[PDB]
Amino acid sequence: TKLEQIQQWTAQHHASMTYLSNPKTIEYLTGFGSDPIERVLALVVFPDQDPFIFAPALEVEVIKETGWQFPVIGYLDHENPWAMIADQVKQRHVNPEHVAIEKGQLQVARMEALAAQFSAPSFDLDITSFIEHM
């Protein structure tokens, strides 16, 4: 599957997780279509366990209606999405070291907000090209 291909890539690159933020990538993987938002929509993939989607609470319904077989975690407008994403990762027993992101799309401030929630991650991996070629 497309998701298993990403998981495999993640494992082959010795990444603790892949954080997908490009709405075009999320649409490609799920059918959930969207445009750039100020809020936080992400799809987190691990090398050796199930992925999850993190989204604004009101988008959860239409995301689950895609058939997506894995968790969808919502957040409310005044909650801290970065802390909540990190809590999901920490619940899954991951203390991330190398993290892959879509560097061509992800804004610096968002990478940093994510990184601040973890003890010593390394954002030295770019999945932009891999996603481009599938």
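One-based numbering along the sequence shown.
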Using only C-alpha atoms and the B-factors in the entry, which stretch averages higher, 93-101 or 34-42? 34-42
Once you work out the mean C-alpha B-factor for both 2-10 and 124-132 from the entry, which is higher? 2-10
Top residue by Cα temperature factor, when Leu29, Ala83, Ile53, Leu58 are compared in the entry: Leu29
Going by the entry, which third of its chain does the Cα temperature factor of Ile73 land in? middle
Relative C-alpha B-factor of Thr18, binned into the chain's lowest, middle or highest third: lowest
